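The structure appears right after this line, and notes come after that.
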Amino acid sequence: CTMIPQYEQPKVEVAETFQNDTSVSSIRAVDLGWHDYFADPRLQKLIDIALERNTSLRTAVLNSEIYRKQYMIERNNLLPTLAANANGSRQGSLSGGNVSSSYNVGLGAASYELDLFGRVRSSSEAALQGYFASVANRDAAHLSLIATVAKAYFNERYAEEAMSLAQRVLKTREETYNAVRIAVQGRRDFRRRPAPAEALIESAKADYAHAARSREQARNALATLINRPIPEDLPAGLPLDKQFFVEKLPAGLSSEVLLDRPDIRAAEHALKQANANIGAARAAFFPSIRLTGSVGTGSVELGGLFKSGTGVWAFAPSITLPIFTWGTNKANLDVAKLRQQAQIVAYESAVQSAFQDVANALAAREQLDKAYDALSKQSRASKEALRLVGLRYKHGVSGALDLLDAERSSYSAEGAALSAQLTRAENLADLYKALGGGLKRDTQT
Amino acid sequence: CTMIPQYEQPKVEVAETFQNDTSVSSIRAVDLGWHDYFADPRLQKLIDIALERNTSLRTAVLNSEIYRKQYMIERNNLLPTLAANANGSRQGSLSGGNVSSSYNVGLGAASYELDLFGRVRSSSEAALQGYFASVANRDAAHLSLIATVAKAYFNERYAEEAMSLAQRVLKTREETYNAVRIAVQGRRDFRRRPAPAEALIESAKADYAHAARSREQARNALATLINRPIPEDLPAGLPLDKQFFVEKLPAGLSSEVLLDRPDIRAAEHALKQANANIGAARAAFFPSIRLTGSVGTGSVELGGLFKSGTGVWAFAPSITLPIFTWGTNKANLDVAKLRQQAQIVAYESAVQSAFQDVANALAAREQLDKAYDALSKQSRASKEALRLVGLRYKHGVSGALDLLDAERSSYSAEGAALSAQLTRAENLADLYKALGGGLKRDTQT
Amino acid sequence: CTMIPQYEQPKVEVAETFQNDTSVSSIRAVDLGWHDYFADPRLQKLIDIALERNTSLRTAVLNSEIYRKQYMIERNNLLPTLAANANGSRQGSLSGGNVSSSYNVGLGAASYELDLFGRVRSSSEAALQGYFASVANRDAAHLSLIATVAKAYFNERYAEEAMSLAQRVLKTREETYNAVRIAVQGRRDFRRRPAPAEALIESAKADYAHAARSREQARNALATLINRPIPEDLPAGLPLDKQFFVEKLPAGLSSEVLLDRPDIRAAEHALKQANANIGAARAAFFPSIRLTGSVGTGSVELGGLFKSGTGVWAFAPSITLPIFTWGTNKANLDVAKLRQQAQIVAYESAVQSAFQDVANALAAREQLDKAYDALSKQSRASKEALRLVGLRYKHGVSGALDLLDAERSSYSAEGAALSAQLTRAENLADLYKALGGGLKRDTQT
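Residue numbers (the entry's author numbering), protein chains in the order written: chain A, 21 to 465; chain A', 21 to 465; chain A'', 21 to 465. A prime marks a further copy of an entry chain.
Next comes the structure, spelled out in structure tokens:
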């Protein structure tokens, strides 16, 4: 009989629903394939190779394999190991008298512990739950990869557009600063013209560099995640506003969304493992029995080996039970119980963190949308203001400074739009990941 | 006799005083209870539940309990373990001749190592200092919790006021943008009015969102630290300028402030542990002695068991001393000495980091006060400028742009005041924590 | 014979060259001594003491020493351990009959495992490669120190100049705000003068504090890295533009630059270690042989000990071979192979990260130079604009606001130049470090 306590799931005090659920889509995030979630064909292609070559995933998938093997050897302790032990012995007197030789060549199993009280059985169950938890950690490593490779690609495309944004503002100032010298001469506060002229163009250059630099940092971080230098045959990609298929993931009930999270099911298996370790410590109060056996030829001389009459066998069953261990037996159980008491608060820590991981992602997608829409219409307005003054200068103006200031306000309000355009895209990848999504590639029946 | 070297505290080269001590209060930070340090009744309430339910603290307090148990079992190696070992044996010839059976059912202790040279004693001392250090780490986990839950609450209240700040600037622009159209018609650089009009209102909306989003992130991080969704029956709280009772903590002498730090006393116990491991390795040059004993009934047949005459006893004291170990004995000691040589530089690393942890907190509270006072009077000035122009527009003005620009300068200079109002509050919680404060709830006799 | 597989270096798919190599210098970064790389005599002095006293380096250099010792004891398993075991035994009847005593005092080696199949040899090789890898990690800890202490010093000097920058802008506003009241009375939009007047001076004060605070944080972090409070006898140092000797490091071929990196050679030794662990598991299919021997005096009474005729000796060679282990033998090898399969993907992860570590440092030094040059000429232009208006106000002006606005634009454009002046300097220290540089102090023959 085994002595492992029944598994009762811990009561994590947490809200039953999220105060930010607005979606109605049937398709769950976990159910949704990432290939049907991420839009950019370039990004879709990148994941397929990274999912095949990523070191962290390769490592995480190997560790789960050795935990399977470590389990398979622990289950083998329930079976007798057969060994062919051939040994010899020899005594003799120092003074120069007599000697004695005994040669035993035989086969036999040494101390098979008959697990009557599920001590080896429970300790083998720990190896299984240890493996089961590692598999879930392998899944968590799978989801963390797709989220990371996506957010690192969004940082690239942002910088791509950040360069081009500062590229054409260097081109639109190019046609104006030469025009500000061929234009009809203005006032003497024209001195307030080359200073912002320089201020616009030389900030635009500093921006292009920062963009071009962060572009490479995203480019290089991508080559690491795919274990390969970036290939050539790739579609030019889509802008940040076209990085996701039109869909917002639902997160129904908190109990529902907990089941999909790998890091959560990894916490219950690591707990079930600690339960098994109790069944091993609780069986220590019980007697342990061990069986020794052997066959073969016993002899005094090598010549007599394997000759008729020398055949012997053995059977030595030895059992034992501790009567007073000075509380050590009680103590080792207490440890096994505390080791398990820590796995329920680790399970609680896992849930409370997992809930927060989602509630933030929901609050972000809501507010990174409202904040983005504001910064976008601001860009449109500042762009419109630029065009109006763009005609004023074309006709009769008292200052290119007006037009020039309008260029910078339109440039700054547009760069601030790209900033929120990325932050919204990044969180979208986190929302998918933290919702358990990214498991399968394609959504199917 | 034991062979553990006497504990001499390492000489950490560090300044004796801090160049930022300005306080004169008798009440030490460590002596000061956090309930008498933190002002907000809402925050005071939050800590009491988090201190009872936090996972990280629950884990840290469990680990110190298993280190007590792991110690209790190591002290038990100084006592003989009694076991009732009943065993049987049986030999026999293969050809079909004779057999032999010997059944021994008895009681006895197996190999009690009489620790004459404090080898088990020292190795048991390591288990104690290991436990003593874990207790100090449990205290460091206690202090880190209060500091974290406080700084996470300040981030909430900041966002609460950040929303309301942008809320009324949306309300004050509301009454002006409708008024800027019903006002008497202005010039043609009125075109320089709706652009900043849009720029003010649409930045205020982007601010409210960022504030409302970071509000939830602080709200969610709070629900994690308390292992519970946030309750309802709570006082509305106090503003950031009312988060601390009027008091600045003193940090007298560097030697003085080192003693209160848990992470420091944890470094000396982890060192004392390494000292104990030397007393075990240094006793390896000495002979180890072991005692075997047993009583019970020896027999050839089960029937004879527990029948008169079968009573036997045993006493096998076996001692041994290594003569030449090929330097392995010297090597294992060298390791034990190096393992201890690393605990003094870990102690040094602990102190040099602990000193920096305080010196920064002192330099910050000084400069986050001077920088805050400047940003605050700037807000007052910009607010005053707004009111003056607020009357100009009310009478005879040539531009709502003046008034409108004054709104944004007053809004920006006020939001920059809240930013420094939080950073000053956060560091205040760190100063208390890094000074050893936060141990007891209430300051007492 | 040993059974450790030959070492074949993994094929890391990575670009052969960097798309940012522009230097032509023969002197490699690794070949270049840091004393000939870092310019500031104050910084050069600081490293020499930190390299002697840093805790993290002291720890890293100790761990490599214990790995040498742990190896030396594993090599000793190939040699017999001699022990002088003197033991006694005693049986007796409970009823009150007969007793029996046997006293054996002798010398002998217990179970020397004759390693015929390189099982101990291979397991000892793992201890060597484990040590070899720790040495490389000790080098990586050496390089990480110089990089860290340099970047922490640049942050200090930045703040030093940041304070002085805001110090003289408080001095130049000092002579103007008293002059703005003694100047001839201006218009009624003079109201648009004290608001930016306050805005300039009160931002300059907030800047000085932030600078003075971050100055101490860099000052304190420096005292930690050198395990000592900062001394006095030190040259005042050089500005950020004078922190490096005029030289840009070359990074020829990717294969070339991989060899200098300590973290890379640490990954191959940790791999070679896993190779050795296979030679131990692959030898488990083979029989293990063990030799027991002893000499000394056997007796029934203590008096007979060491008296003629009692001299006995022993020689018990015992060998054994597992026939069926239920796949456990195959499993333990599979683990040893998977443990090694993980060290090649850890080697791949090491390389892909090491390449990125350099490619970013190259792209940064290129773009942090172009972005810096732009922000610098912007400062010159804004400074020039200030002087021109500085003469306008000196003669006939309609607003100190013009001059006052010119002060802030010149102040802000100069502080933004120092910001890029530091970021460029920091990356320069990382480029040197990530290129394997910082090993030797002085570049030599």
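Using N, Cα and C, we set each Cβ at its ideal position, and we do this for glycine too.
Check	Outcome
Given this structure, state the Cα-to-Cα distance separating A:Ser43 from A:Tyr452, to the nearest angstrom.	13 Å
I need the boundaries of the alpha helix (DSSP H) containing A:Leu341, first residue and last residue.	Not the alpha helix (DSSP H): A:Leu341 falls in the beta strand (DSSP E), residues 331 to 344.
Between A':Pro342 and chain A'', is any beta-carbon pair separated by less than 7 Å?	yes
What residue does the beta strand (DSSP E) around A':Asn107 start on, and which one ends it?	102 to 113
How would you write the range of the alpha helix (DSSP H) that A':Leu408 sits in, first residue to last?	348 to 412
Under the three-state reduction of DSSP, which class applies to residue 20 of chain A: helix, strand or coil?	Because chain A is modelled from 21 through 465, residue 20 of chain A falls outside the range shown and cannot be assessed.
My understanding is that A':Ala147 touches A':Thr101, with C-beta atoms under 8 Å, so please give their C-beta distance in whole angstroms.	Rounded, the Cβ-Cβ distance is 17 Å, inconsistent with contact.
With 7 Å as the limit, tell me which residues of the stretch 110 to 143 of chain A have their beta carbon closer than that to any beta carbon of chain A''; keep them in chain order.	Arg110, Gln111, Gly112, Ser113, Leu114, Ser115
Given residue 1 of chain A', which residues of its chain have a CB within under 6 Å of its CB, disregarding the five upstream and five downstream residues?	In the structure displayed, chain A' extends from 21 to 465; residue 1 of chain A' sits before or after that span and is not available.
Please name the residue, chosen from A'':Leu353, A'':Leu190, A'':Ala203, that lies closest to A'':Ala300 on a Cα-to-Cα basis.	A'':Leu353
Taking Cβ-Cβ distances below 7 Å as the criterion, which residues of the stretch 258 to 272 of chain A'' are in contact with chain A?	none
Under 8 Å Cβ-Cβ, which residues of chain A neighbour A':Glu85?	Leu358
Please list, in chain order, all residues of the same chain as A'':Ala243 whose beta carbon is under 6 Å from its beta carbon, the five residues on each side excluded.	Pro249, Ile250
Within 8 Å, do at least three Cβ pairs link the stretch 83 to 100 of chain A'' to the stretch 312 to 323 of chain A'?	no
So A':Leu165 packs on A':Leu71, CB below 8 Å; how close in whole Å?	7 Å
What whole-angstrom Cβ distance do A'':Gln372 and A'':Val32 have, given they're in contact under 8 Å?	7 Å
Relative to chain A, which residues along the stretch 178 to 210 of chain A'' have a C-beta separation below 8 Å, given in chain order?	none
Excluding the five sequence neighbours on either side, which residues of its own chain have a C-beta within less than 7 Å of the C-beta of A:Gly53, listed in chain order?	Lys460, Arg461, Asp462, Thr463
Tell me which same chain residues have a C-beta within less than 6 Å of the C-beta of A:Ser143, skipping the five on either side of it?	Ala300
A'':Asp354 touches chain A at which residues, Cβ-Cβ below 7 Å?	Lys89
Spatial neighbours of A'':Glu368 within its chain, please: C-beta separation below 8 Å, excluding the five flanking residues on both sides.	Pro30, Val32
Taking DSSP as the reference, what is the three-state secondary structure of A'':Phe174?	helix
Considering only their Cβ atoms, is the gap separating A:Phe137 from A:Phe344 smaller than 7 Å?	no
Identify the continuous alpha helix (DSSP H) that holds A':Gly435 and give its terminal residues.	420 to 454
Are the stretch 287 to 299 of chain A' and the stretch 64 to 84 of chain A' in contact at 8 Å, needing three or more beta carbon pairs?	no
Go ahead and pull the three-state DSSP assignment for A':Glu133.	strand
So with Cβ pairs under 7 Å, would you call A':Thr101 a contact of chain A?	yes
Out of A':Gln26, A':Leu442, A':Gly419, which one is the CA nearest neighbour of residue 529 of chain A'?	The displayed coordinates of chain A' run from 21 to 465. Any statement about residue 529 of chain A' would go beyond what the structure contains.
Any beta-carbon of chain A'' closer than 7 Å to the one on A':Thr168?	no
Taking only three categories from DSSP, how would you classify A:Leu63?	helix
Taking the alpha-carbon of A'':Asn40 as reference, which of A:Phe58, A:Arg139, A:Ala161, A:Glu236 has the nearest alpha-carbon?	A:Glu236
Which stretch, first to last residue, makes up the alpha helix (DSSP H) that contains A:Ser275?	274 to 280
Using the rule of at least 16 other Cβ atoms within 10 Å of the residue's Cβ for burial, across every protein chain shown, is A'':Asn118 buried or exposed?	exposed
On the DSSP letters alone, give me the boundaries of the beta strand (DSSP E) that A:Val315 sits inside.	308 to 319
Can you list, in chain order, the residues of its chain with a C-beta nearer than 7 Å to that of A':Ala231? Leave out the 5 residues immediately preceding and following it.	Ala179, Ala182, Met183, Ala186
Between A:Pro270 and A:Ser45, is the Cβ-Cβ spacing less than 7 Å?	yes
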